[PDB]
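A.B. asks: Take this structure first; my questions come after.
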Amino acid sequence: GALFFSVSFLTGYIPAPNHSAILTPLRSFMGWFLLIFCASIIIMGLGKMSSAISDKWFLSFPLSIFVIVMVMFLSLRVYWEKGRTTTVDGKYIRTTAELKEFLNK
Amino acid sequence: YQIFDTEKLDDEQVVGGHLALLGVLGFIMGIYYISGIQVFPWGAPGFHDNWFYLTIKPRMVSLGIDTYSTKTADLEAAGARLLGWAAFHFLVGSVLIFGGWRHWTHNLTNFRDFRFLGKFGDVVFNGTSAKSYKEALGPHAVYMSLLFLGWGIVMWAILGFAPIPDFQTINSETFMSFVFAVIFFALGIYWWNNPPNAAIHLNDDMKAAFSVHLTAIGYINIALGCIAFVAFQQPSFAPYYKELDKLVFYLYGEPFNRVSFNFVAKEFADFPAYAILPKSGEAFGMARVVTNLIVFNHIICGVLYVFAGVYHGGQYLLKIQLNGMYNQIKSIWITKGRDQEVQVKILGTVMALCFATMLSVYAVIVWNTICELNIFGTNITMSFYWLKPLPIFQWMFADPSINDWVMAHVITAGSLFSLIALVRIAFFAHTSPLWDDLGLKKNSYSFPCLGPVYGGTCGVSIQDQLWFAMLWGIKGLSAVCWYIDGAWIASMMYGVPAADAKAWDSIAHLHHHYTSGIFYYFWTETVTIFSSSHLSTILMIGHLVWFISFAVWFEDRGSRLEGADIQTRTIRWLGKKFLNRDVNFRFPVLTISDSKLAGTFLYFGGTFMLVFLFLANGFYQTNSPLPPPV
Amino acid sequence: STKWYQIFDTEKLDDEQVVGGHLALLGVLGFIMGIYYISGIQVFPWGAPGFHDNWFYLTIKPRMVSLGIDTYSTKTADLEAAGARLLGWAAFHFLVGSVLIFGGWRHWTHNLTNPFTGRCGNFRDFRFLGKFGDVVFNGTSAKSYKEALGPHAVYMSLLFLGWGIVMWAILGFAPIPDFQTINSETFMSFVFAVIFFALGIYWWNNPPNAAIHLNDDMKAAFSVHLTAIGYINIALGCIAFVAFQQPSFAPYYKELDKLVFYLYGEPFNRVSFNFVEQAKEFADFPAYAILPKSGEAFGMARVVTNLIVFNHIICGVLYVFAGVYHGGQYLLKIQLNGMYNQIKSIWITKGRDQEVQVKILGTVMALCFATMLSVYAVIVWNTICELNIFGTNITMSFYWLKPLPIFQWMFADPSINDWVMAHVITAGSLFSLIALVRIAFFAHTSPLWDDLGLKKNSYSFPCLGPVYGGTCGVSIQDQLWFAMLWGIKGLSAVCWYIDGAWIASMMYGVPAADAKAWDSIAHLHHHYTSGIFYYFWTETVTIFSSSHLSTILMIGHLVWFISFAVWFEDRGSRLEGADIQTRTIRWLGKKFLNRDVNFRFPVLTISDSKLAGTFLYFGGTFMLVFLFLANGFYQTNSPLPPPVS
Ligand code: BCL
Ligand code: BCL
Ligand code: BCL
Ligand code: BCL
Ligand code: BCL
Ligand code: BCL
Ligand code: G2O
Ligand code: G2O
Ligand code: SF4
Ligand SMILES: [Ca+2]
Ligand SMILES: [Ca+2]
């Protein structure tokens, strides 16, 4: 997909506000490459895993999947969504009555 | 389903069938014409409106048979003209059916050598007939010249239109009909002085000629659909179409004037009980609706005709491969696939190019979706919004955007995807490289299984490949429908309530607000469908047909066979219990080839039964773009 | 042909091997439970916020509230106490699961040596404990599953007593016989400990005899226990739906509606293209932060109830189907082995006569056909009447058809909807039972295959060819797939009913007149969310609103229409297409590779194609049904007025 930058230069488009025009085709090509690369990784890894799994893999499969989901939740707190959605004044409004109170405001 | 096989019919049988069918077409044309007369000359209320007649109506407006005028007397005069023309169609169709029966049944008087309009039939064609098809191309062209000349003289004499050659009026149709009569006459006289040379359709040729002509007609129908979509959008055709937006239409199955339960109350005043409620044409965009119906009908009919032409050509190819005629065809249309190495090259190239472009466009679509829903923290600035048709290609599209790019790439990918199966039909009809490697050849146009071997061998036959071609072209036809109904095919959820879903209009600065993304289009069309009971019934019936197709689609016929044996035993036992020795009613389970036939029939039938609802709910595309979400 | 889904097959495993596998699974499950408990920490004991309300934890939550853990408190100190208890119990689960995984590995290796005392413990002979085993059993179950039921019930009694003790000491719930309050589950745990100890000692002194399973327990006992526990799971789902709707559970479930949740993937406050964090919708919350979703509008109580109930229900139905399939596999094994004629028990001898099989399957088919035709005619007639086609108003519909007053006790608002729900459940049960009976009886030879001289010689053979124009999918595996597809309808009915939908008609609530007048003529205080077809339109509002649910929607749909490719009769077409693909990839030769491309494009076997097709079909269908149950309850207790007075 080395030609994406060229066609971006040849197309007449207005970039998104306050976003670099140079990196936009880079972003889109990175997304396309990521999608194709992750699909290929999934296909190849599962093709190799079908043949690599055995009775000696009994110690690996459950625990490895556990590790995957463990770091998945850890990422859910680490990089993806951090916090309890604290209110800017500082709160964790859990009671719906407070939600009506701030719908009044 | 093979009762009208070409090998069973002679040429005169084909002539008779075609004549009977043209007569019945005239009869149903009269049926539609009398089904569209808004107010009778009697003065009584007439037929409300039909999608048949709403499709036909712009043509009658162009021809002056029917008018869009707002005067009751004008509509009565239009109905009188409609009834007169319907009676003419009825009578001429009756005559055509009479000829069809006199030709299907060989009772006349010389079909091998005859005279056609002998007074000048000795001037043209030397007072003799067209012995063979190559000699028949000439007289066929001259007959079409006579048809064009007849249209011209009828338009001038009965419809009273001028021969003015300016291409912004029906007088253009008159002038060009005369010009086409002249051109067809020239082509026919040349062909009579020199018959063509494509010998493959001059031997036993019914299936071969039928296949090639059906493919040509299918491509002609696709071209006609594109041409009609462009022209019906042109301002010159606007007087005959855009007035559909300016008129109201009362269609069957619309929400009736809702009655009460203690009624001798009604919803709307002065409109009687159970009365079809009025609809404004501006809300439906009835001009776009009608052109969508016509164009998509032509497009799907062309696609199906191409697929069936390829299938019948594959049938003929298998026939000439079985009796050894394949290896002695001097026509280039066989020499380019006889080597069986160019076949592999062609199919592999088509598969690879289809794979590349389809993977590219699918990746673009899913990335647009991901940037839409902010999955994995992707903003809308990460999408393919820079990606547009080039200015060189921009003249093809109005309001150029990623939508048009994805539409073009998707339709090309779908064409190539169906072409994969079409080429498989075209080349591997008797010999396939795998089946040459396996040592097993094929001998029937419908051999479904050939047993579970090398993992299984389902669906190798020509007929099964036709079914697969139709299945894969369903996606291309859906793309066509969704583009002509205004759906945003570039992404999956556009205009949906979510983050950065409206933002497209603020990002691409579009002058046309498209309806919805792929998955939000169903919702935004069913919001209008569910009002109509008729469209709802079509919706449910289409889904019913679709899922009943799966009982014969899946690899389950044997399970159905043993279950039918069990059902037969149960029925026999019970009918012998409560009734005396009644033994009958074996449960019939369709064979696997017939199972695929029925499955494709139901699948296509339902799917496009529902696509009709997509194309008939309304356009519902606004010119005002969505605001930024900010 | 040993595939990657046959390496863990029981035929290759011993009793100790499966013991080790079960213990490894229990430990891994404990580790996963620790993950979930950590995921439920709303405020970290460090003094910081917590995790964003995973569906896993949102399901786990009310049960934790039943215990001393996980207070329904907006007060930060008490919520920190909740987090502390959750984290501590998660660490305890982690430790116990680690020890369980260690024991599972020891039993997988058949290496049972105690580090403190260098002795080897024989699996066939041992004492359960130093003195307790000699007190109760004086030995070990003699390697026979029937003799183990006693000790197994004794161990279950021990576990019940331990649960009572844990509730008494750590969780502080004193057993009292008041069954409305929480502090009776421990009293009933003690009662069950007594009852199951009695049953265990009785079964140890008097082992029940069903000699079919003992020989090849690995499949026969597996099938029987799996079907039994599938029905147990269905019963647990029903009991859960009834109880979670009771006022006794209300302090632990209705309060879930009172409190709001910040879910992962729930829509965030949307910033503009130019947000100078040095324009933002909902500025009070921080940028790209999850907007609260109110439980009262979301119906979180019934959403969690539905998730639990349908999880257990579908797991039970799948377990029933798998039990029938594995029993069919065992029956095929003994049919090829000649042991089918030698079983000598009622569970086989009754089905040994093919005419009895014919009678049973014919009765099931007749009942299924009659009930299905009746209920389907009712549904389509209601749809016709409400859409008014053929000139029929809803007065001609089946609104009069209520459940019988004697049978009305088990419904909230008696209506045609409950009637159709019950009839559809019975019809779908019999519909799947047709294929389950086919697996049970026709594992080797159907009466057709008795008349036509063929016999099924494998559990995963594709077919028998195009002979007789059929033979597709007569393998017990393929009958299982058909049973699963047939029970998809029943599971869908279950989900739509528990979520709230008008199953008696198709388009209920559409802008048509008599569709809206259904409630007016039916006299219902409950307004069902919508009809069968209108259910999607009404319940996809939230699914579209939430980006995460839309992502699941797309992925499930992709999975389904990829299942389509392997479900159809196209394997040979795909094989020749793959050969063409291989030939063009070899045509990458002379594209300047100089590398022999030894990559044959693979195409799945039909026995594998149906496997993948069913797995993806079920997976997409119920990945989407998860969104059905996660859209919300959205049932308002307000009857609809007639459109026209
Ligand atoms: C022969 C079958 C039936 C019949 C069935 C139909 C059907 C079906 C339809 C009509 C329609 C019409 N018919 Mg009629 N009709 C018949 C007999 C007649 C007679 C008569 C002399 O008795 C008349 C005056 C008419 C008149 C009319 C018009 C009111 C109307 C529009 C015609 C027009 O566009 O034609 C223009 C005429 C021509 C261009 C003549 C040449 C035809 C060309 C060759 C057709 C193929 C073109 C395509 C591009 C492929 C070319 C491929 C190769 C390159 C050559 N029909 C008989 C009874 N009638 C149409 C309709 O109602 O529109 C809404 C319509 O589609
Ligand atoms: C112009 C574009 C096509 C073309 C269009 C058609 C179409 C379209 C049909 C045929 C049909 C036939 N074609 Mg042709 N035909 C072409 C060129 C050829 C050539 C040739 C090149 O010389 C040959 C040898 C043939 C050969 C044949 C025969 C196999 C058959 C006529 C026999 C008969 O009994 O049919 C008569 C058979 C019918 C009466 C049954 C099928 C039609 C329907 C079911 C009935 C018509 C009424 C209709 C449903 C009423 C409308 C109701 C409203 C929708 C509410 N075609 C080109 C390639 N031909 C017909 C046939 O059935 O093929 C199998 C047919 O339908
Ligand atoms: C353009 C004119 C016609 C056409 C005319 C014919 C004729 C005539 C015959 C067939 C026949 C067949 N047709 Mg065809 N066919 C067309 C469209 C198609 C399409 C399609 C693109 O979807 C398909 C899949 C088929 C399928 C088939 C097969 C069943 C069969 C050919 C087998 C083989 O060995 O071919 C090998 C051939 C090829 C690989 C292509 C050959 C192309 C020739 C050499 C022309 C030059 C190509 C060049 C790029 C064009 C430049 C433009 C110039 C102006 C010429 N047709 C169009 C509509 N077809 C044969 C049969 O038996 O019919 C029953 C037959 O005799
Ligand atoms: C309700 C309790 C159920 C039950 C629930 C489960 C569950 C749940 C699991 C097993 C597992 C196994 N069970 Mg069991 N099983 C029951 C009754 C039995 C009986 C019997 C009474 O005769 C026997 C002999 C077995 C035998 C077995 C083996 C096939 C396997 C463990 C040994 C091994 O080391 O695996 C070698 C391999 C491993 C231990 C791990 C391999 C990797 C992963 C974890 C396998 C997951 C498969 C699948 C996704 C499980 C999904 C459940 C669904 C979500 C509903 N089960 C009871 C009635 N059993 C596991 C197994 O492997 O299933 C195929 C498994 O998943
Ligand atoms: C067992 C495998 C895993 C594990 C996985 C799970 C799972 C999975 C769950 C818990 C949950 C619980 N775990 Mg734990 N947990 C383990 C180890 C432990 C140990 C321990 C010292 O071993 C303890 C004290 C606990 C403590 C607890 C509680 C905090 C909590 C509720 C228990 C309860 O209601 O049981 C009830 C006890 C009984 C019914 C009696 C004992 C079991 C009897 C003998 C077996 C039959 C009943 C069976 C469970 C249900 C079948 C009913 C049919 C009608 C037959 N875990 C190991 C590491 N833990 C629950 C949760 O968090 O809820 C939200 C939960 O569902
Ligand atoms: C009731 C307790 C258990 C049960 C316990 C067993 C036992 C024990 C055995 C089987 C075995 C089998 N099980 Mg079972 N099984 C149950 C539920 C089912 C269901 C179901 C969906 O209801 C199905 C389809 C199956 C399927 C099967 C077959 C694979 C196989 C029997 C074949 C045969 O010839 O049967 C012939 C048919 C019968 C004998 C039917 C009649 C049943 C009883 C004996 C008679 C009285 C019941 C009466 C008819 C119904 C009304 C009263 C009831 C109390 C409700 N199980 C429940 C969960 N199953 C056997 C096998 O080999 O496993 C691998 C085996 O060893
Ligand atoms: C509503 C649509 C459907 C039916 C109607 C039906 C009828 C039926 N089928 Mg089916 N089926 C699917 C849908 C329907 N299958 C799908 C979408 C799949 C994809 C996986 C599928 C798959 C398999 C496999 C693999 C096997 C079968 C059988 C088997 C039966 C045998 C006896 C039986 O089940 O009695 C129980 C009786 C019923 C199942 C039918 C009662 C009528 C009802 C009220 C709905 C009426 C629908 C419609 C109005 C009728 C037509 C009139 C008008 C519209 C022109 C049997 C009556 C097989 C056997 O013969 O043995 C069981 C077998 O092996 N299937
Ligand atoms: C997303 C859905 C689908 C594909 C992806 C696909 C891929 C594919 N198939 Mg398919 N298929 C259906 C859906 C899909 N079939 C349905 C619903 C039916 C029911 C009728 C069906 C049936 C048949 C028959 C009967 C035959 C085939 C073939 C054939 C190909 C050979 C080369 C080609 O056509 O490339 C053109 C196709 C591609 C560009 C596909 C690769 C990227 C893609 C753009 C989208 C990427 C989606 C992604 C891979 C999913 C997960 C990503 C990640 C998690 C790993 C070939 C690449 C056969 C042959 O080998 O020759 C054509 C053959 O005989 N089919
Ligand atoms: S179509 Fe059916 S019988 Fe034929 S090979 Fe496929 S599964 Fe076997
Ligand atoms: Ca529309
Ligand atoms: Ca819902």
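Numbering starts fresh at 1 for the residues of each chain in the structure tokens, the chains themselves are lettered A, B, ... in the order given, and ligands are numbered from 1 as they appear.
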Residues at most 10 Å from residue 94 (chain B), counting only C-alpha atoms, excluding those fewer than 6 positions away in the same chain, as number ranges by chain?
C.D. replies: B: 20, 22-24, 26-27, 88, 100
A.B. asks: Limited to N, CA, C and O atoms, could you put the picked residues into a file as a CSV table (one decimal), in the first residue's frame?
C.D. replies:
```csv
chain,number,residue,atom,x,y,z
B,20,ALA,N,-46.5,-16.5,-28.9
B,20,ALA,CA,-47.4,-16.6,-27.8
B,20,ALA,C,-47.0,-15.8,-26.6
B,20,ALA,O,-47.9,-15.1,-26.0
B,22,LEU,N,-45.2,-13.0,-26.7
B,22,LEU,CA,-45.4,-11.6,-27.0
B,22,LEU,C,-46.8,-11.2,-27.0
B,22,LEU,O,-47.2,-10.1,-26.5
B,23,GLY,N,-47.7,-12.1,-27.4
B,23,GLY,CA,-49.1,-11.9,-27.2
B,23,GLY,C,-49.6,-11.8,-25.8
B,23,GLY,O,-50.4,-10.9,-25.4
B,24,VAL,N,-49.1,-12.7,-24.9
B,24,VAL,CA,-49.4,-12.6,-23.5
B,24,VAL,C,-48.8,-11.4,-22.9
B,24,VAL,O,-49.4,-10.8,-22.0
B,26,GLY,N,-48.5,-8.5,-24.5
B,26,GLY,CA,-49.5,-7.5,-24.9
B,26,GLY,C,-50.8,-7.6,-24.0
B,26,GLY,O,-51.3,-6.5,-23.6
B,27,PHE,N,-51.2,-8.8,-23.7
B,27,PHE,CA,-52.4,-8.9,-22.8
B,27,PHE,C,-52.1,-8.3,-21.4
B,27,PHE,O,-53.0,-7.6,-20.9
B,88,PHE,N,-56.3,-1.9,-28.2
B,88,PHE,CA,-55.5,-2.2,-29.3
B,88,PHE,C,-54.4,-3.3,-28.9
B,88,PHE,O,-54.2,-4.2,-29.7
B,100,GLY,N,-48.8,-17.7,-32.6
B,100,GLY,CA,-48.0,-18.5,-31.8
B,100,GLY,C,-48.5,-19.9,-31.7
B,100,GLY,O,-47.8,-20.9,-31.7
```
A.B. asks: Just want the 9 Å neighbourhood of residue 409 (chain B), counted on only C-alpha atoms, with same-chain residues fewer than 6 positions away dropped. Output as a list in words.
C.D. replies: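 Here the answer would be residues 357, 358, 360 and 361 of chain B.
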A.B. asks: Those selected residues, please, written with N, CA and C atoms and delivered as a compact mmCIF listing (two decimals), in the first residue's frame.
C.D. replies:
```txt
# COMPACT_ATOMS: atom_id res chain seq x y z
N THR B 357 -8.69 -6.40 -5.00
CA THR B 357 -9.56 -5.23 -4.93
C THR B 357 -10.64 -5.40 -3.87
N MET B 358 -11.19 -6.60 -3.73
CA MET B 358 -12.21 -6.85 -2.73
C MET B 358 -11.65 -6.73 -1.32
N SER B 360 -9.06 -4.90 -0.52
CA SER B 360 -8.79 -3.48 -0.32
C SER B 360 -10.06 -2.74 0.08
N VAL B 361 -11.14 -2.93 -0.68
CA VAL B 361 -12.35 -2.18 -0.41
C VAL B 361 -12.98 -2.62 0.91
```
A.B. asks: Using only C-alpha atoms, what does the table of chain C residues within 9 Å of chain A look like, with each row giving the shortest atom pair and its distance in Å to one decimal, sorted by chain and ascending number, as a Markdown table?
C.D. replies:
```
| residue | atom | partner | partner_atom | distance |
| --- | --- | --- | --- | --- |
| C:3 | CA | A:50 | CA | 8.5 |
| C:4 | CA | A:50 | CA | 5.8 |
| C:5 | CA | A:50 | CA | 8.9 |
| C:7 | CA | A:54 | CA | 6.2 |
| C:8 | CA | A:55 | CA | 6.9 |
| C:21 | CA | A:58 | CA | 8.2 |
| C:24 | CA | A:59 | CA | 8.4 |
| C:25 | CA | A:62 | CA | 7.6 |
| C:28 | CA | A:62 | CA | 6.8 |
| C:31 | CA | A:66 | CA | 7.6 |
| C:32 | CA | A:66 | CA | 6.9 |
| C:35 | CA | A:70 | CA | 6.6 |
| C:36 | CA | A:73 | CA | 8.9 |
| C:39 | CA | A:73 | CA | 7.3 |
| C:42 | CA | A:84 | CA | 7.1 |
| C:43 | CA | A:84 | CA | 7.5 |
| C:48 | CA | A:83 | CA | 7.9 |
| C:49 | CA | A:84 | CA | 5.0 |
| C:50 | CA | A:84 | CA | 5.6 |
| C:51 | CA | A:77 | CA | 6.4 |
| C:52 | CA | A:84 | CA | 6.4 |
| C:73 | CA | A:94 | CA | 8.4 |
| C:74 | CA | A:94 | CA | 5.7 |
| C:76 | CA | A:92 | CA | 8.4 |
| C:105 | CA | A:59 | CA | 7.6 |
| C:257 | CA | A:96 | CA | 8.9 |
| C:258 | CA | A:96 | CA | 6.2 |
| C:259 | CA | A:95 | CA | 4.9 |
| C:260 | CA | A:94 | CA | 5.1 |
| C:261 | CA | A:94 | CA | 7.0 |
| C:262 | CA | A:84 | CA | 7.2 |
| C:264 | CA | A:81 | CA | 7.6 |
| C:265 | CA | A:81 | CA | 9.0 |
| C:273 | CA | A:17 | CA | 6.2 |
| C:274 | CA | A:18 | CA | 6.4 |
| C:283 | CA | A:88 | CA | 8.6 |
| C:284 | CA | A:88 | CA | 5.7 |
| C:285 | CA | A:87 | CA | 5.3 |
| C:286 | CA | A:88 | CA | 6.5 |
| C:288 | CA | A:81 | CA | 8.8 |
| C:289 | CA | A:85 | CA | 6.0 |
| C:290 | CA | A:85 | CA | 6.4 |
| C:291 | CA | A:85 | CA | 8.0 |
| C:292 | CA | A:94 | CA | 8.4 |
| C:294 | CA | A:96 | CA | 6.4 |
| C:295 | CA | A:96 | CA | 7.8 |
| C:296 | CA | A:96 | CA | 7.9 |
```
A.B. asks: Around ligand 6, which protein and nucleic acid residues have at least one atom no more than 7 Å from it, if we count only C-alpha atoms and all ligand atoms? List them as a PyMOL selection string.
C.D. replies: chain C and resi 210+212-213+219-221+223-224+227-228+231+320+324-328+330-331+346-352+433+436-437+439-441
A.B. asks: Keeping only N, CA, C and O atoms, write those residues as a compact mmCIF listing (two decimals), in the first residue's frame.
C.D. replies:
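Generated output (again.txt):
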```
# COMPACT_ATOMS: atom_id res chain seq x y z
N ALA C 210 -26.48 -49.24 36.96
CA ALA C 210 -26.82 -49.05 35.54
C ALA C 210 -25.56 -49.46 34.79
O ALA C 210 -24.72 -48.62 34.46
N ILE C 212 -24.57 -50.05 32.01
CA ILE C 212 -24.20 -49.60 30.67
C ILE C 212 -22.96 -48.72 30.74
O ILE C 212 -22.05 -48.83 29.90
N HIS C 213 -22.90 -47.84 31.73
CA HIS C 213 -21.87 -46.80 31.76
C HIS C 213 -20.52 -47.36 32.20
O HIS C 213 -19.48 -46.92 31.71
N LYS C 219 -17.48 -42.26 27.75
CA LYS C 219 -18.50 -41.68 26.89
C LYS C 219 -19.91 -41.91 27.40
O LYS C 219 -20.72 -40.99 27.36
N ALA C 220 -20.24 -43.10 27.87
CA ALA C 220 -21.59 -43.35 28.34
C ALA C 220 -21.91 -42.52 29.58
O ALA C 220 -22.93 -41.81 29.63
N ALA C 221 -21.05 -42.58 30.59
CA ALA C 221 -21.28 -41.79 31.79
C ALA C 221 -21.21 -40.31 31.47
O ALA C 221 -21.98 -39.51 32.01
N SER C 223 -22.07 -38.84 28.64
CA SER C 223 -23.30 -38.45 27.98
C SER C 223 -24.45 -38.36 28.98
O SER C 223 -25.22 -37.39 28.97
N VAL C 224 -24.59 -39.36 29.84
CA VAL C 224 -25.70 -39.37 30.79
C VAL C 224 -25.59 -38.17 31.72
O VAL C 224 -26.56 -37.43 31.93
N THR C 227 -26.31 -34.80 29.80
CA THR C 227 -27.72 -34.52 29.57
C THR C 227 -28.43 -34.21 30.88
O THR C 227 -29.25 -33.28 30.94
N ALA C 228 -28.13 -34.96 31.94
CA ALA C 228 -28.77 -34.70 33.22
C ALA C 228 -28.43 -33.31 33.73
O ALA C 228 -29.31 -32.58 34.21
N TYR C 231 -30.29 -30.60 31.75
CA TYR C 231 -31.64 -30.39 32.27
C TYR C 231 -31.59 -29.70 33.62
O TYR C 231 -32.45 -28.87 33.94
N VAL C 320 -27.54 -30.74 26.88
CA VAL C 320 -28.46 -31.81 26.50
C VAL C 320 -28.12 -32.32 25.10
O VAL C 320 -28.05 -33.53 24.86
N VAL C 324 -26.72 -36.04 24.18
CA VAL C 324 -27.34 -36.92 23.20
C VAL C 324 -26.34 -37.31 22.12
O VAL C 324 -26.30 -38.46 21.67
N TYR C 325 -25.50 -36.36 21.69
CA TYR C 325 -24.54 -36.65 20.64
C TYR C 325 -23.47 -37.62 21.11
O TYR C 325 -23.08 -38.54 20.38
N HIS C 326 -22.97 -37.44 22.33
CA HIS C 326 -21.96 -38.35 22.86
C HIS C 326 -22.55 -39.71 23.18
O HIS C 326 -21.87 -40.73 23.01
N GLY C 327 -23.80 -39.76 23.63
CA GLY C 327 -24.47 -41.03 23.78
C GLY C 327 -24.66 -41.73 22.44
O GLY C 327 -24.55 -42.95 22.35
N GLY C 328 -24.95 -40.96 21.40
CA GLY C 328 -25.01 -41.53 20.07
C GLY C 328 -23.66 -42.05 19.60
O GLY C 328 -23.58 -43.08 18.94
N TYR C 330 -21.28 -43.20 21.62
CA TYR C 330 -21.08 -44.44 22.36
C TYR C 330 -21.94 -45.57 21.80
O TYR C 330 -21.50 -46.72 21.71
N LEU C 331 -23.18 -45.25 21.43
CA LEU C 331 -24.07 -46.26 20.87
C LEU C 331 -23.55 -46.75 19.53
O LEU C 331 -23.64 -47.94 19.23
N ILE C 346 -32.74 -51.35 30.45
CA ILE C 346 -33.94 -50.76 29.86
C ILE C 346 -33.59 -49.58 28.97
O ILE C 346 -34.26 -49.34 27.96
N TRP C 347 -32.54 -48.84 29.31
CA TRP C 347 -32.20 -47.64 28.55
C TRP C 347 -31.72 -47.97 27.14
O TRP C 347 -31.59 -47.04 26.33
N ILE C 348 -31.45 -49.24 26.83
CA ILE C 348 -31.08 -49.66 25.49
C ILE C 348 -32.07 -50.67 24.93
O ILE C 348 -32.47 -50.57 23.76
N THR C 349 -32.50 -51.65 25.73
CA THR C 349 -33.33 -52.73 25.21
C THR C 349 -34.65 -52.21 24.65
O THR C 349 -35.19 -52.78 23.70
N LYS C 350 -35.19 -51.14 25.23
CA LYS C 350 -36.43 -50.58 24.71
C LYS C 350 -36.24 -50.01 23.31
O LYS C 350 -37.12 -50.14 22.46
N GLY C 351 -35.10 -49.37 23.06
CA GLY C 351 -34.77 -48.86 21.75
C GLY C 351 -34.11 -49.87 20.83
O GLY C 351 -33.78 -49.53 19.69
N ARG C 352 -33.90 -51.10 21.29
CA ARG C 352 -33.27 -52.11 20.45
C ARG C 352 -34.18 -52.52 19.31
O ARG C 352 -33.70 -52.85 18.22
N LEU C 433 -36.10 -32.57 19.66
CA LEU C 433 -36.17 -33.95 20.11
C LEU C 433 -36.28 -34.91 18.94
O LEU C 433 -35.89 -36.07 19.06
N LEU C 436 -32.71 -35.37 18.24
CA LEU C 436 -32.09 -36.05 19.37
C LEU C 436 -32.46 -37.52 19.39
O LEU C 436 -31.62 -38.39 19.65
N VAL C 437 -33.73 -37.83 19.09
CA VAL C 437 -34.18 -39.21 18.98
C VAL C 437 -33.52 -39.89 17.79
O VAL C 437 -33.19 -41.08 17.85
N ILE C 439 -30.52 -39.27 16.69
CA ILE C 439 -29.18 -39.61 17.18
C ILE C 439 -29.26 -40.81 18.10
O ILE C 439 -28.43 -41.73 18.03
N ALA C 440 -30.24 -40.83 19.00
CA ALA C 440 -30.34 -41.88 20.00
C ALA C 440 -30.56 -43.25 19.36
O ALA C 440 -29.94 -44.24 19.76
N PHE C 441 -31.44 -43.31 18.36
CA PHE C 441 -31.89 -44.58 17.81
C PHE C 441 -31.20 -44.95 16.50
O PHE C 441 -30.97 -46.13 16.26
```
A.B. asks: One decimal, in Å: what's the spacing between CA of residue 173 (chain C) and atom 12 (C, counted along the ligand's line) of ligand 5?
C.D. replies: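 Separation of CA of residue 173 (chain C) and atom 12 (C, counted along the ligand's line) of ligand 5: 14.8 Å.
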A.B. asks: Quick one: residues within 6 Å of ligand 8, with only C-alpha atoms and all ligand atoms, as a list in words?
C.D. replies: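 For ligand 8, the residues inside 6 Å are residues 39, 42 and 43 of chain A; 351, 354, 355, 358, 359, 362, 417, 420, 468 and 471 of chain B; 561, 562, 564, 565, 570, 573, 574, 577 and 578 of chain C.
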A.B. asks: Give the residues close to ligand 9, within 9 Å, counting only C-alpha atoms and all ligand atoms; write them as a ChimeraX atom specification.
C.D. replies: /B:447-453,455-459,554-558,592-593 /C:462-467,469-473,568-572,606-607
